[PDB]
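Enquirer: structural data only, the sequence is not supplied:
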Ligand SMILES: *[C@@H]1O[C@H](CO[C@H]2O[C@@H](C)[C@@H](O)[C@@H](O)[C@@H]2O)[C@@H](O)[C@H](O)[C@H]1NC(C)=O
């Protein structure tokens, strides 16, 4: 199969700016048989351009596509608010038909450091035998943030799961939730539980913690 | 101009066989190559294969041993069978059709998609625990399958809370978990509600001091 590699993977621009996205093929594609789609969360992909540079009915002419051979490109001359989403390219010059990995176009804004919250396991949850410690960072930008768990300063590892929201539509920020999961034995067995966060809008890491009991 | 409806079972166990159907209301059923494509959550799209009204098919070679596509020209429907699933087959499955009979296989008509989860677990409604800070309060939904949960928060004086925030679900040990939070600026509690195919549940979340 022909592999298609799209870059960048993430594009931060502002409403009104110009976006230009790449789709490189690992072989040349016959007759410029390449197409681009738009995808919004929970929806099917929608056709924008077919045959590398023709536009589909109803597509505004700020979208345009060119290329040939093994380098195809997609230009959106003036980002409008509905344009922020995920774009895929696809070749149909030879079977099997294949698709690239997508590039997401996100809104750029002023950096914002997160608020951090820590929460201990409930008594009910403890009574059932497992422990879930929850760390919550809210409203930050950009998106990259590291969360490290500390139990009696013994840097934990391989036992936490993270989940990130979609860029919020009011203020364009992100929120993230982290979960440390222990057995009741293990939880009981230690004393200081801490959540440590590094984020470019912070000058040094922030730490939040609680002691088992006093809560 | 053309409508594609999809249906089929959404939760299976390792090594059972996936079966989906797509029906067409709209132009001619006749010379197009109808396709099946799919998308694992978080990852990109992958084409599986295609078929026309007279039975010739074309498959992606990395699934060719486990796949079968077929058509029913009597009801205008076509369908996909994928055997021996494992957890890697979980994904949203779409059907689609190219704009002309005589051209590139690119797609301008799609169905809405069916999410199919493959797990060793067995359907189950969430169990809920509260999250009080040791203002921000929270709620934990745990051990649910499949992944279709919804959250809503209310005041003791029945009326909606709207300073709300919810996070995608995580997958640990064949089942899922998810957390929701409210940010508040008497009443001795606030209410956390979730809805799920196997059962709706409630839990009061205490206010801290
Ligand atoms: C319904 O409750 C609304 C919010 O309740 C606040 O009340 C504070 C006293 C505190 O205990 C918190 O629980 C809440 O922030 C309140 O604003 C409405 O007025 C209430 N009743 C009516 C008439 O709607």
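Expert: In hand now; what should we look at? Numbering: from 1, shown residues only, chains lettered A, B, ... in the order given.

Enquirer: which SSE is the most centrally placed residue in chain B in?
Expert: Geometric centre of chain B, nearest residue: residue B:115, 3.0 Å, by CA atoms, centre = their mean. In the assignment (DSSP states H and E), residue B:115 maps to strand B:114-118.

Enquirer: equivalent analysis for residue A:187, please.
Expert: Per DSSP H and E, residue A:187 falls inside helix A:184-189.

Enquirer: leaving out the residues flanking it, which one is nearest to the residue nearest to the centre of chain B?
Expert: residue B:92 (5.2 Å; CB to CB, 6 or more residues apart in numbering or on different chains). Any C-beta I mention is one placed from the backbone N, CA and C, and that applies to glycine too.

Enquirer: what's the answer for residue A:187, then?
Expert: residue A:131 (3.8 Å).

Enquirer: ends of stretch B:59-70, what's the gap?
Expert: This stretch, stretch B:59-70, spans 12 Å end to end (CA to CA, to the nearest Å).

Enquirer: same thing with stretch B:200-209?
Expert: End to end - CA to CA - stretch B:200-209 spans 30 Å.

Enquirer: do stretch B:23-39 as well
Expert: Termini of stretch B:23-39 sit 20 Å apart (CA to CA).

Enquirer: which residues are in contact with it?
Expert: B:1-5, B:20, B:22, B:45-53, B:58, B:69, B:71, B:73, B:75-78, B:80, B:91-98, B:101, B:105, B:107, B:113 (CB atoms under 8 Å, 6 or more residues apart in numbering or on different chains).

Enquirer: please state the offset of the helix holding residue A:187 from the chain centre?
Expert: Relative to the mean C-alpha coordinate of its chain, helix A:184-189 is positioned 34 Å out (CA atoms, centre = their mean, to the nearest Å).

Enquirer: report all helices and strands that that helix contacts.
Expert: On a contact count with 3 or more CB pairs under 8 Å, 6 or more residues apart in numbering or on different chains; DSSP states H and E, helix A:184-189 meets strand A:130-140.

Enquirer: note down every partner strand of the strand it packs on and its orientation.
Expert: strand A:115-119 (antiparallel), strand A:174-183 (antiparallel) (DSSP bridges).

Enquirer: for the shortest one, which outside residues touch it?
Expert: Around strand A:115-119, the neighbours that count as contacts under CB under 8 Å, 6+ apart are A:133-139, A:193-195, A:197, A:206, A:208-210, B:131-134, B:136, B:138, B:181.

Enquirer: among the strands paired with strand A:130-140, which is nearest the ligand?
Expert: Closest to the ligand of those, according to CB to the nearest ligand atom: strand A:115-119, at 18.0 Å.

Enquirer: list the buried residues for that closest one?
Expert: Within strand A:115-119, the residues that count as buried by 16 or more other CB atoms under 10 Å in any protein chain shown are A:116, A:117, A:118, A:119.

Enquirer: let me know the outermost residue of chain B.
Expert: residue B:186 (41.0 Å).

Enquirer: do you know how far that one is from residue B:2?
Expert: 58 Å (CB to CB, to the nearest Å).

Enquirer: following the strand holding residue B:115 in sequence, what is the next regular element?
Expert: Using DSSP H and E, the next helix or strand after strand B:114-118 towards the C-terminus is strand B:127-131.

Enquirer: can you name the element that comes right after that following strand?
Expert: Strand B:127-131 is succeeded, C-terminally, by strand B:136-144 (DSSP H and E).

Enquirer: anything in that next one near chain A?
Expert: Yes: against chain A, strand B:136-144 shows contacts by CB under 8 Å from any CB of the partner chain at B:136, B:138, B:140, B:142.

Enquirer: show residues contacting that strand.
Expert: A:117, A:119, A:122, A:125, A:132, A:134, A:136, B:124-132, B:149, B:151, B:153, B:175-184, B:190, B:192, B:194, B:196, B:198, B:203, B:205-208.

Enquirer: helix or strand right after it?
Expert: With secondary structure assigned by DSSP H and E, strand B:136-144 is succeeded by strand B:150-155.

Enquirer: just the buried residues of that next one, please?
Expert: In strand B:150-155, counting by 16+ other CB under 10 Å, buried: B:151, B:153.

Enquirer: ok so, going back, what about the ligand: which of the contacts of strand B:136-144 touch it?
Expert: With the criterion set as CB under 6 Å from any ligand atom, the members of these near the ligand are residue B:184.

Enquirer: drop anything exposed from the contacts of strand B:136-144.
Expert: The neighbour count (16+ other CB under 10 Å) marks A:117, A:119, A:122, A:125, A:132, A:134, A:136, B:125-126, B:128-132, B:149, B:151, B:153, B:175-183, B:190, B:192, B:194, B:196, B:203, B:205, B:207 as buried among these.
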